[PDB]
Amino acid sequence: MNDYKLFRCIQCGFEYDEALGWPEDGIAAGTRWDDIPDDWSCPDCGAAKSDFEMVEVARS
Ligand SMILES: [Fe+3]
Ligand SMILES: [Zn+2]
Ligand SMILES: [Zn+2]
Ligand SMILES: [Zn+2]
Ligand SMILES: [Zn+2]
């Protein structure tokens, strides 16, 4: 499947999940990383999207 991916802020550890989005900022569940506008930042420390690393997750 086109699995939904997890991305971890390299500065504070916050994790964005494509499956959940970030509704408080208008980012719908299912929003893929490349489709998030660049005005968005880590909600917990302000780091830019470029400061995230994709997380490898196990099969489910
Ligand atoms: Fe952060
Ligand atoms: Zn797959
Ligand atoms: Zn896209
Ligand atoms: Zn915006
Ligand atoms: Zn940065």
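The entry's author numbering applies: residue 1 is where the sequence shown begins, and numbers increase by one. Beta carbons: idealized from backbone N, C-alpha and C, even for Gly.
Task: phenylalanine 52, enclosing beta strand (DSSP E) - first and last residue - done: As a working note, residue 52 is residue 52 in the sequence shown. In the DSSP assignment, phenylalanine 52 falls within the unbroken beta strand (DSSP E) covering 52-55.
Task: Buried or exposed by the 16-neighbour rule on C-beta atoms within 10 Å, applied to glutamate 53 - done: The residue given as residue 53 occupies position 53 in the sequence shown. Under a 10 Å Cβ-count criterion, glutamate 53 is classified as exposed, with fewer than 16 other Cβ atoms of the shown protein chains found around its own Cβ.
Open item on the list: Measuring only the C-alpha atoms, how far is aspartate 38 from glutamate 15?
Closed with: To locate residue 38, count along the sequence shown from 1; it is residue 38. To locate residue 15, count along the sequence shown from 1; it is residue 15. Rounded to whole angstroms, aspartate 38 to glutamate 15 spans 17 Å at the Cα level.
Task: Residue environment, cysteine 9, which counts as buried when at least 16 other CB atoms sit within 10 Å - done: In the sequence shown, counting from the first residue as 1, residue 9 sits at position 9. Under this definition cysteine 9 is a buried residue.
Open item on the list: For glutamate 18, count the other beta carbons within 10 Å of its own beta carbon; 16 or more makes it buried, fewer makes it exposed. Which is it?
Closed with: The residue labelled residue 18 in the question sits at position 18 within the sequence shown. By the neighbour-count rule (16 or more Cβ atoms within 10 Å), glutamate 18 is buried.
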